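First, one chain by itself in structure tokens, the form deposited in one PDB entry.
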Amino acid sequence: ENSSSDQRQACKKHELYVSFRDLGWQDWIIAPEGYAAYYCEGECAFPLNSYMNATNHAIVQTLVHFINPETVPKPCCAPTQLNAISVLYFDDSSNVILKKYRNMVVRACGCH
């Protein structure tokens, strides 16, 4: 029973605001203070539909699970597209510098 409630709800995108102070990163990152990052969670069980954005492999694996669950897990709800944010932070030489951080924001989810 130790888990989030994620059985009958299907693979989907959820909100998640991440504050850098809460992760102890305020002396590494000076701006922004946090970002809307989102996350994916939910089920990928048979049958999958087109909205689940599944790879062909995830479709094969889902059918293989249905049929003997011990042979393979079901695929997971993971991000299919992410975006970058820009961040101002101290680097290895303790210089502050602005750069792009890729793949930080979830834009969409899928069965993988």
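In this text, the rigid core denotes the largest set of C-alpha atoms whose superposition between the two forms falls within 1.5 Å. Don't overthink the numbering: it's just position in the shown sequence, from 1.
Undergrad: Which is higher in the entry, the mean Cα B factor of 102 to 110 or that of 1 to 9?
TA: The deposited B-factors put 1 to 9 ahead on the C-alpha mean.
Undergrad: Mean CA B-factor: is it higher for 50 to 58 or for 64 to 72?
TA: The deposited B-factors put 64 to 72 ahead on the C-alpha mean.
Undergrad: Using the B-factor values recorded in the entry, state whether the Cα atom of residue 78 falls in the lowest, middle or highest third among the modelled residues of its chain.
TA: For residue 78, the deposited C-alpha B-factor lands in the lowest third.
Undergrad: Would you mind ranking residue 85 by its C-alpha B-factor against the rest of the chain and naming the third, lowest, middle or highest?
TA: Its C-alpha B-factor belongs to the middle third of this chain's values.
Undergrad: Comparing residue 36 with the other modelled residues of its chain, is its CA B-factor in the lowest, middle or highest third?
TA: Its C-alpha B-factor, which the entry lists for residue 36, ranks in the lowest third among residues of this chain.
One more form of this protein should be noted, the form deposited in another entry, which is absent from this view; the next part is about it.
Undergrad: Rigid core fitted, is the C-alpha displacement of residue 90 between the shown form and the other one 2 Å or more?
TA: Comparing the forms between the shown form and the other one, which are aligned on their rigid core, residue 90 does shift its C-alpha by 2 Å or more.
Undergrad: Answer yes if the CA of residue 31 moves 2 Å or more between the shown form and the other one after aligning the rigid core, and no otherwise.
TA: Yes; residue 31 is a residue whose C-alpha shifts (by 2 Å or more) between the shown form and the other one when the cores are overlaid.
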